[PDB]
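Chains as they are written, first to last, in the deposited numbering: chain 5E, 496 to 538; chain SG, 151 to 225; chain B3, 670 to 709, 717 to 817; chain RN, 2 to 17, 39 to 67, 79 to 102; chain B2, 5 to 28, 38 to 303, 308 to 317, 321 to 504, 520 to 687, 745 to 943.
Using N, Cα and C, we set each Cβ at its ideal position, and we do this for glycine too.
For reference, the structure discussed in these notes is given below.
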Amino acid sequence: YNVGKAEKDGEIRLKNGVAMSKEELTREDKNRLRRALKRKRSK
Amino acid sequence: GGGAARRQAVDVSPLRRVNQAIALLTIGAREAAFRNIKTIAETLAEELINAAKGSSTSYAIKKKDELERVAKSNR
Amino acid sequence: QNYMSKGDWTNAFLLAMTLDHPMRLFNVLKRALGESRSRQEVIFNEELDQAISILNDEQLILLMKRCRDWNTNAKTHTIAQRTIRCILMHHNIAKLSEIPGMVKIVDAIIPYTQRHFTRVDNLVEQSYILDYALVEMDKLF
Amino acid sequence: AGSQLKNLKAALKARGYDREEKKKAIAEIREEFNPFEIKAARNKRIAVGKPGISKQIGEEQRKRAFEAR
Amino acid sequence: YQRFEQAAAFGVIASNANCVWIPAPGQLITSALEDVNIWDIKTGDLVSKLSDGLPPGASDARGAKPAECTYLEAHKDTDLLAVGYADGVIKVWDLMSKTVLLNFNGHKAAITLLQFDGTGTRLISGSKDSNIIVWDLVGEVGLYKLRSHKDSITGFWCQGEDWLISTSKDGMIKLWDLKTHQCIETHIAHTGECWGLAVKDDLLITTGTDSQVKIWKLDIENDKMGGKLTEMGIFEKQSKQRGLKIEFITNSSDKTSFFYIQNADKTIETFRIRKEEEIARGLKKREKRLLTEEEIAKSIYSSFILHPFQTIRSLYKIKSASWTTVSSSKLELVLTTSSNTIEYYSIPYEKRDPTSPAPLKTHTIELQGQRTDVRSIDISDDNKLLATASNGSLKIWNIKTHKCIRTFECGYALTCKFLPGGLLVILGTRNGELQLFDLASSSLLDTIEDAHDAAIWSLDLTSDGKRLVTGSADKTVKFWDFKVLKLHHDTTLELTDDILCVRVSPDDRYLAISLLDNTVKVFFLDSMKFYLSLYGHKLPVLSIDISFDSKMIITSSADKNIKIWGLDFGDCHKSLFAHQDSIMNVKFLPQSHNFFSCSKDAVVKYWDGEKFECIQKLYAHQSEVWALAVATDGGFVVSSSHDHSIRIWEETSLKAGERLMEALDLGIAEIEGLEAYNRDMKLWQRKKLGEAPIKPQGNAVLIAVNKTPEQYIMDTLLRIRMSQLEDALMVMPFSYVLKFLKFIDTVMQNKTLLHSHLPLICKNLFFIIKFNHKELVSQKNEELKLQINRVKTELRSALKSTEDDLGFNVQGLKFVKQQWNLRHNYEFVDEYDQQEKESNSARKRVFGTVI
RNA sequence: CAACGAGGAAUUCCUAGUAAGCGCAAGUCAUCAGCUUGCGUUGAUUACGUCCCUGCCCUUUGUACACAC
């Protein structure tokens with residue numbers, strides 16, 4: 496078993512293990528996680 | 151510090167001590183033979199004798215005493 | 670949010686479990702575990725592990741899924757082990773086995789616990805340089 | 002010291039629907055960042082010549098002389 | 005170059021903002046665009062136009078639109094005006110000397126409310142980005158930033174230091190503890206947006222999208238989580254649109270309270286709230302017919325405690341309001357509407373009857389405006405100015421005073437001109453009508469009904485003025501002469532297409548007409564000769580201009596570019612792309628080939644006709660610039676726009749290892765300082781209590797970052813990286829190793845941050861003593877010996893404590909899996925079928941190998 | 001009654017058969033004899049570390065399969 500992505504859609508699950516919920520993330524971390532996902536797509 | 155004219159005293163490794171020893175002795179013999187009656191062999195003999203007994207009349211150990219004294223100063 | 674601010678980790682835990690806010694759940698479990706190490717059969721405070729003892733099947737299957745993907749770290753694994761331990765010692769083992777879905781989780785997190793057991797056991801193994809240094813320091817006279 | 006490319010990007014950020043400002047800025051950075059069409063000596067106590086321009090006028094002069102002959 | 009600048013701006017009285025009222038009825042501070050103007054309601058003369066000290070158009074004016082004022086707010090007693098603008102900045106002025114005292118940028122979008130609090134020295138500001146910031150005025154500092162809303166702050170209400178309560182452009186109302194600056198209680202007020210908020214101390218009132226107005230009871234001294242603010246019932250209004258400002262008063266002389274809800278459209282609903290005596294004596298009357310049903314009826321309160329009142333209407337759409345009161349028969353309410361006009365109404369009320377079928381306005385300040393956008397501007401020789409509107413408000417302003425001295429009523433009028441002697445105005449309207457006015461006498465010299473079959477679009481005089489040209493959307497142009520002061524239609528040229536601009540040359544030579552069919556045609560006036568057809572603009576084509584030498588024409592259009600044409604052969608010269616929306620108008624200078632073009636994207640632009648540069652990019656308007664007009668001689672140019680504005684333009745580094753070393757030295761210095769303090773306390777409590785140490789004050793950086801020294805050292809030990817950790821621990825000498833051991837010895841007494849950093853403490857400590865083992869076992873001190881023993885016991889106890897539950901969980905989880913297996917795995921006794929079953933049911937993973 | 005007794009400020013290059021000294025031949029379709037290219041003879045001093053300065057470059061999911069981090 497390895498930590499993939501979330502089986503929901505209001506959730507963000509990093510491969511670290513730290514599952515974050517989109518309703519609980521503030522807008523700063525929403526923008527930051529969106530840019531980080533853009534980096535991991537762009538590579 | 152970008153060129154702040156301050157010196158800091160370091161120690162010096164034994165290979166550098168032997169390198170700078172041979173350099174000080176030989177170029178002291180050269181400048182001591184530069185335009186005097188004596189040749190390089192006789193000036194080097196005088197230099198090696200005075201450096202062996204440590205007489206402070208040699209270029210080499212006067213230069214050593216200056217380097218060590220400046221290190222003692224801005225230690 | 671008010672419970673997470675003012676303290677009060679048990680009702681914060683059950684609200685984070687009801688809302689399914691997993692980072693907040695990790696924070697309430699980590700904070701309550703750390704204050705449990707601070708103060709002084718019971719591993720969290722008693723109100724919170726009773727609140728873990730009284731949750732139903734789908735709640736404990738999402739709790740053990742959270743414990744599953746926290747156990748893949750070597751950092752966030754202690755919180756997962758304390759939560760797994762209180763589930764194991766506060767629930768019925770026949771119930772835990774016959775819940776549909778509780779073998780694709782516990783088979784996922786047996787080998788990670790074995791990996792951590794090997795690592796912490798080697799930490800205890802190389803913790804005896806202190807004992808060797810003490811026997812040298814006593815031989816010093 | 003620092004690169005000609007780094008100084009060129011700095012010069013473009015310096016200079017930044040007008041046209042003649044861009045004509046002036048482009049001609050300025052071209053004749054500044056082209057160093058191989060001047061000649062520089064070393065002052066022993079400095080642009081000392083313009084080789085390509087002197088060459089082209091010296092050869093256009095004899096070109097029109099040759100066509101005249 | 006002799007550049008341009010802005011002399012004065014006018015034409016606006018009330019713009020896209022609120023209004024504050026000041027007592028002497039009284040005066041009124043309101044917004045013009047980017048500057049605030051004060052008016053006395055009594056007469057209405059402009060007694061102040063407080064503006065920025067820099068003229069827009071100067072050398073240091075920056076290359077964007079100026080910040081439109083969006084919220085006025087006033088501190089009455091200490092005489093301040095806090096005004097806030099559309100970029101987010103807040104300027105606080107003293108109204109005595111009219112200078113800027115405070116600049117308070119802070120925000121990221123336009124701001125929506127201000128409020129002074131504790132009457133002086135504190136200002137709270139809410140903006141179109143969802144933050145709400147508290148500012149001190151004695152420190153010039155944003156104190157706090159309350160940050161949990163989602164869309165845009167629509168209102169708030171604060172009391173001093175403890176409770177704020179805001180409501181935003183999502184559906185949410187929030188209550189804020191201003192001591193901790195964390196939001197305490199959040200509700201969904203209305204299902205769409207939430208536009209209103211007012212409160213008289215017991216009841217709170219909010220409104221949302223459509224007529225549903227919600228009463229709330231805030232109980233500030235509550236202790237439950239949900240229940241500091243509860244909802245007590247809804248009611249209805251007569252307007253189905255956004256009620257967007259609610260405000261309360263307590264009239265004296267008995268004690269009574271009134272609140273209004275202004276609406277989007279045209280209407281303010283006023284309400285009297287009643288008093289507790291008629292609450293008590295009205296409860297029984299709806300509690301008649303005598308109790309579960311009666312309790313449901315008594316619960317279903322709003323119409324009970326609130327009483328509607330005289331619903332004040334207006335002619336136009338309502339933008340802001342505020343009132344004053346005496347006697348409860350002088351509810352005197354000032355009102356700024358959208359089409360620029362303020363109105364001072366006042367409703368009387370004899371404490372039972374409102375004494376009127378409809379309220380009455382006592383004043384109206386509307387003379388210096390237009391109520392619509394000025395579709396055509398014009399100028400005299402140099403003295404007067406002509407503004408043409410849609411309601412009919414032709415106005416003849418003057419340049420030297422900026423006051424309309426003469427105004428008439430025409431209709432939907434889009435183009436106009438003067439007459440060459442002055443004191444006479446020709447004009448065409450959007451239906452088939454033309455009109456003539458003057459300056460000394462009354463409005464109408466004559467109108468010409470059926471001047472055209474359809475919408476007129478552009479007219480032009482000849483340079484002597486006796487003959488004018490009218491081109492209209494009935495696909496015709498017509499010529500008119502002046503017979504003696521009446522209009523003589525004599526000839527008419529019908530085209531194939533809707534002509535929408537005309538012009539003649541300034542020397543009676545050419546007639547250039549711009550058709551809807553993407554082209555212009557140049558005719559000879561003396562022959563109707565069809566000289567030229569200029570083509571290739573590619574959208575329908577607006578304003579033309581002919582130069583003074585009658586050699587060079589300009590051609591503007593909705594293609595966002597103006598074309599320069601040489602009129603001798605009809606050859607194009609430039610096609611320069613300006614103005615990213617649409618160039619509405621373009622005009623030469625008097626004597627030069629320089630020209631101006633004003634456009635539909637709130638900018639006028641100054642060009643030359645020789646190098647075709649842009650000389651200047653003037654940036655003072657806020658919206659679509661509909662017209663501009665140049666002086667006949669001298670060359671100052673006026674421009675008039677959609678924001679009801681008319682404005683003049685005239686001429687002028746350690747690393748890891750040493751970071752850990754300095755952290756270790758200050759941390760262990762603080763630690764043994766406190767331990768010496770504790771030994772002093774025990775000795776001065778176990779001996780003759782006559783003396784002790786005075787005080788060890790804690791470290792500057794430790795109280796600055798709010799950390800115990802173990803935490804400070806622990807996070808810098810965390811912040812070094814794993815690649816240079818074995819170097820950071822190898823650089824430090826043995827004295828720092830000994831105080832590192834003191835740090836570890838103290839940190840495994842606080843068992844919270846021991847267990848959260850166990851493998852880091854183990855890795856660092858074991859590398860440290862493994863590297864320094866030769867010197868450590870040669871140190872002779874029983875203090876360090878007891879230290880090593882104590883660290884050993886606590887560290888190994890923590891590690892065996894975590895692997896105890898690790899081993900417990902291994903055996904328990906494999907018991908759970910194994911009892912599930914022996915419950916319902918399968919039935920194979922034969923070993924070959926068993927092993928093939930397990931091979932088919934195993935976990936597969938596919939790997940990329942190399943052969 | 002002119003220059004000059006190892007050449008100022010600055011500046012460039014250089015790590016083992018290398019720097020430098022020394023002579024002897026050739027003259028190879030371009031180049032070179034106001035010299036160029038070969039060939040041997042003699043043959044060191046000091047770095048061989050470091051990113052502290054000056055710069056240039058690379059990466060910022062570990063992916064590639066375990067173990068470990």
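With a threshold of 8 Å, are at least 3 pairs of Cβ atoms found where one atom belongs to the region 927-942 of chain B2 and the other to the region 795-806 of chain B3?
Flag = no, the region 927-942 of chain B2 and the region 795-806 of chain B3 do not touch.
Chain RN within 8 Å of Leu611 (chain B2), Cβ atoms only:
It does; some Cβ of chain RN falls within 8 Å.
Residues that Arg538 (chain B2) bridges to, as DSSP identifies them
Beta bridge pairing from DSSP links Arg538 (chain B2) with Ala547 (chain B2).
Taking the C-alpha atoms as reference points, what is the distance between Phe832 (chain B2) and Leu756 (chain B2)?
C-alpha separation (whole angstroms): 7 Å.
Name the residues in the region 621-651 of chain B2 whose C-beta lies less than 7 Å from a C-beta of chain RN; which are they?
Under the 7 Å Cβ criterion, the region 621-651 of chain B2 contributes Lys646, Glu648 and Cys649.
Please list the residues of the region 887-905 of chain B2 that have a C-beta atom closer than 8 Å to any C-beta atom in chain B3, keeping them in chain order.
For the region 887-905 of chain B2, the set of residues with a beta-carbon nearer than 8 Å to any beta-carbon of chain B3 comprises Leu887, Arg888, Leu891, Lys892, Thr894, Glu895, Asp897, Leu898, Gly899, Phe900, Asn901, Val902, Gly904 and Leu905, in chain order.
Within chain 5E, the residues that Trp678 (chain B3) reaches when beta carbons sit closer than 7 Å:
Result: empty, since nearest Cβ-Cβ is about 17 Å, beyond 7 Å.
By DSSP, does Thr167 (chain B2) sit in helix, in strand, or in coil?
Three-state DSSP puts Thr167 (chain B2) in a strand.
Anything in chain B2 within Cβ reach of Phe793 (chain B3), meaning under 7 Å, just list it in chain order.
In chain order, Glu895, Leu898, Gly899 and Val902 make up the part of chain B2 whose C-beta sits under 7 Å from the C-beta of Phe793 (chain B3).
Three-state secondary structure (DSSP) of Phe907 (chain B2)
Note: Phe907 (chain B2) maps to helix in three-state DSSP.
Neighbourhood of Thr193 (chain SG) by C-beta, 7 Å cutoff - its chain only, sequence neighbours within 5 removed:
Taken in chain order, the residues that qualify are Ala179, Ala182 and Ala183.
Pairs of beta-carbons, one from the region 78-96 of chain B2 and one from the region 124-133 of chain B2, closer than 8 Å: are there three or more?
Flag = yes, the region 78-96 of chain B2 and the region 124-133 of chain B2 touch.
Name the chain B3 residues whose beta carbon is nearer than 9 Å to that of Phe858 (chain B2)?
What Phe858 (chain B2) touches in chain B3: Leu799, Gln802, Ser803, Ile805 and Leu806.
Mind listing the chain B2 neighbours of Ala809 (chain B3)? Cutoff is C-beta to C-beta under 7 Å, in chain order.
Within chain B2, the residues near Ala809 (chain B3) are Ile861, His865, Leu868, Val869 and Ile880.
Using a Cβ-Cβ cut-off of less than 7 Å, list which residues of the region 745-778 of chain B3 approach chain 5E; keep chain order.
For the region 745-778 of chain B3, residues whose beta-carbon sits nearer than 7 Å to a beta-carbon of chain 5E comprise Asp745, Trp746, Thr748, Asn749 and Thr752.
Helix, strand or coil, according to DSSP, for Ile233 (chain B2) in the structure here?
If DSSP states are grouped into helix, strand and coil, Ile233 (chain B2) belongs with coil.
If you compare alpha carbons, which of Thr331 (chain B2), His916 (chain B2), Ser658 (chain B2) and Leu351 (chain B2) is closest to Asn20 (chain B2)?
When each option's Cα is compared against that of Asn20 (chain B2), the closest is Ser658 (chain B2).
Close Cβ partners of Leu303 (chain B2) (< 8 Å) along its chain, the five nearest in sequence each way excluded:
In its chain, beyond the 5 residues on either side, no residue has a beta carbon closer than 8 Å to the beta carbon of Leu303 (chain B2).
By the 10 Å Cβ neighbour count, where 16 or more other Cβ atoms means buried, how is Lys163 (chain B2) classified, buried or exposed?
Burial check for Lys163 (chain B2): the Cβ neighbour count within 10 Å stays below 16, so the residue is exposed.
Beta carbon of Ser492 (chain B2) nearer than 8 Å to that of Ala474 (chain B2)
It is a contact, given that the beta carbons lie within the stated cut-off.
What does the alpha-carbon distance come out to for the pair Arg97 (chain RN) and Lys83 (chain RN)?
Going from the Cα of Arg97 (chain RN) to the Cα of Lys83 (chain RN) covers about 22 Å.
Taking its Cβ as the centre, do 16 or more other Cβ atoms sit within 10 Å of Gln388 (chain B2), making it buried, or is it exposed?
When all chains shown are included, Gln388 (chain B2) counts as buried.
Put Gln926 (chain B2) into one of helix, strand or coil per three-state DSSP.
The answer is helix: DSSP assigns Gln926 (chain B2) an H, G or I state.
Count the other CB atoms, across all protein chains shown, that sit within 10 Å of the CB of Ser224 (chain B2); report buried if there are 16 or more and exposed otherwise.
Of the other Cβ atoms in all chains shown, 16 or more fall within 10 Å of the Cβ of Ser224 (chain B2); this residue is therefore buried.
Identify whether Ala47 (chain RN) lies in helix, strand or coil by the three-state DSSP scheme.
Three-state result, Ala47 (chain RN): helix.
Are the CB atoms of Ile618 (chain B2) and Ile597 (chain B2) within a distance shorter than 8 Å?
With a cutoff of 8 Å on beta-carbon distance, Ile597 (chain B2) and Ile618 (chain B2) are scored as near each other.
Kindly indicate the opening and closing residues of the alpha helix (DSSP H) around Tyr769 (chain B2).
It spans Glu750 to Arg778 - the alpha helix (DSSP H) in which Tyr769 (chain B2) sits, taken as one unbroken run.
Can the beta-carbon of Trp684 (chain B2) be found less than 8 Å from the beta-carbon of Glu206 (chain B2)?
Pairing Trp684 (chain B2) with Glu206 (chain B2) gives a Cβ-Cβ distance that is not under 8 Å.
Considering only DSSP beta bridges, list what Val660 (chain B2) is partnered with.
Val660 (chain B2) pairs with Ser676 (chain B2).
Starting from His200 (chain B2), trace the beta strand (DSSP E) both ways and give me its first and last residue.
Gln195 to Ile201 is the extent of the beta strand (DSSP E) around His200 (chain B2).
Which residue from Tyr496 (chain 5E), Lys510 (chain 5E) and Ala514 (chain 5E) puts its Cα closest to that of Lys503 (chain 5E)?
When each option's Cα is compared against that of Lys503 (chain 5E), the closest is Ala514 (chain 5E).
May I ask you to list, following chain order, the residues of the region 369-401 of chain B2 that have a beta carbon less than 9 Å from some beta carbon of chain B3?
Sequence-ordered contacts of the region 369-401 of chain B2 with chain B3 are nonexistent [C-beta pairs closer than 9 Å].
Using a Cβ-Cβ cutoff of 9 Å, what residues of the region 833-859 of chain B2 are near chain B3? List them in chain order.
The residues in question are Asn842, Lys843, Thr844, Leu845, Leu846, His847, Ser848, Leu850, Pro851, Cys854, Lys855, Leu857 and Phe858.
Which bits of chain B3 does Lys884 (chain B2) rub up against, with CB to CB less than 8 Å?
Within chain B3, the residues near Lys884 (chain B2) are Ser803, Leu806, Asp807 and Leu810.
Contacts that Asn526 (chain 5E) makes with chain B3 (C-beta to C-beta distance below 9 Å):
Residues of chain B3 passing the Cβ test: none, with the nearest at roughly 17 Å.
With 8 Å as the threshold, decide whether the Cβ of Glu42 (chain RN) is near any Cβ in chain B2.
Residue contact with chain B2 for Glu42 (chain RN): present (Cβ-Cβ distance below 8 Å to some residue of chain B2).
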